[PDB]
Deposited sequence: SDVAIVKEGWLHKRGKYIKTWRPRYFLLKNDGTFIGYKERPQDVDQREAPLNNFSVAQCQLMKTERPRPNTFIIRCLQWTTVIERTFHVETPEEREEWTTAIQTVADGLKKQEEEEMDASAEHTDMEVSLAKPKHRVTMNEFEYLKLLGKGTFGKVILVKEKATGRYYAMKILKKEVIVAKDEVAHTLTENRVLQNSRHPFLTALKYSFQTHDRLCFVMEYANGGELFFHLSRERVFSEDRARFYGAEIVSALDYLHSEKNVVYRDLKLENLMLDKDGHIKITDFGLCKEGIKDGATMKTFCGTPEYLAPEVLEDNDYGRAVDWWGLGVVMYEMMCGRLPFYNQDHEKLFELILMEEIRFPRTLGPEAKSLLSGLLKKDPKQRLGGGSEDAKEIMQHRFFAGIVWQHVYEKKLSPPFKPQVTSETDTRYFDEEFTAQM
């Protein structure tokens, strides 16, 4: 893979500074990646421009352009600003070209490799039941499939901002896409909805999970993330307690309900943001291991490792303050949490080339048979009180 264009751009930030100078590489494989300075010599699809849509604007700043991509079921936007209108032209152009190049090669390849795959549901099929979320480009609502009584989450996006179940992720602890359909003006993703309750609620009612209970949920999270990282080459970047639910049997479900994007007040939950995300530094697989660390700290201590009602002070704590533990935590748990919450992503547990393997080899998870974790052969320490039972 070769560099196709490179140079400085102001990158809009959502957390601290608003506009930050970053040195960006555009590569022929589609990756468009920014760095704090000219970097001196695995790729994540999060940073791909493939199938992007490019738009020019003049607010807030002149000479700004926006890359907009549908990543799985989420519309994400990357906003940028240069000094001259000509500069913008060269960038949007360089980006379109790489992107068209990728579409072209890909279509040619599947045209040539199609194997009698040359073959040829709607709103009314569903009962609305509750808004799960709202955002720039659409909403997420709880629905009941009328024909079956089964409950789903439907993500409803505005089709204009954009313009698949055979391409699902076969991992048990991720949210599966059930159906995907479009209307005259909408694009709709029907995805599983766990009915074991929200882990945030379960944790709240119980005050704390024991180390063995947290170990079970962590193993299942670690397994879902290893899969995202290594099978799909994507970072989740969205790990928080409120995005963890339980299925009927007590196994983890990581939700896929996010819309738009987060971040005086912040438009979401900032207490799980990794340092490098706050600083708009470059980030990779290791941000999800930081979120793991915050989630398991919360499970085993019954409170966040860093909190303040002022997000500014919270941000300071996350970047600067050393982790403190309750007296009742053991050393194996303290070792895992302190390694996952290393502020420098390069020295974080999981931040090396081995990624998830480092975490599964940590002594905290000794004895966990990861093949059995993947196969739901582990026995849940808690069975929610419940199939189509609206208990929660």
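Judged by missing C-alpha atoms, the gaps in the deposited chain sequence fall at residues 1 to 2, 44 to 48, 128 to 136, 180 to 191, 292 to 298, 422 to 423, 430 to 438, listed in sequence order.
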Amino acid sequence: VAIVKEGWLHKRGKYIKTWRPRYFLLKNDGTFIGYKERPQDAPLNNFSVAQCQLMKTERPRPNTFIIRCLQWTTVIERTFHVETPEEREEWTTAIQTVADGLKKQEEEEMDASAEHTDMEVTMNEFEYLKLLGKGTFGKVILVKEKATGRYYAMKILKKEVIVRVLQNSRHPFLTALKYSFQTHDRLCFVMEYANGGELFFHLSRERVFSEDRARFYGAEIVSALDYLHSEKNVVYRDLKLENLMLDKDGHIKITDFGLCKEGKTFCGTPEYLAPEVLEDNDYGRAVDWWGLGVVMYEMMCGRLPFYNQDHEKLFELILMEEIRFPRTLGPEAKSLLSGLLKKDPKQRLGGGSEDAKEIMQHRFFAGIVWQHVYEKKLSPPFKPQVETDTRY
From here on, numbers count along this sequence of modelled residues.
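Mean CA temperature factor is higher for 318 to 326 when stretches 214 to 222 and 318 to 326 are set side by side in the entry. Of the two stretches examined, 109 to 117 and 74 to 82, the record assigns the greater average C-alpha temperature factor to 109 to 117. Looking only at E198, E276, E231, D100, the residue with the top Cα B factor in the deposited structure is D100. Considering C301, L157, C267, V287 together, the PDB entry gives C267 the largest C-alpha B factor. Sort the modelled residues of the chain by CA B factor and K36 lands in the highest third. Placement of the Cα temperature factor of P62 within the chain: highest third of the modelled residues, per the deposited record. In the deposited entry, the Cα temperature factor of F24 places it in the middle third of its chain's modelled residues.
Residue-level temperature factors show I95 in the middle third of its chain, judged at the C-alpha atom. Ranked by C-alpha B-factor against the other modelled residues of its chain, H10 falls in the lowest third.
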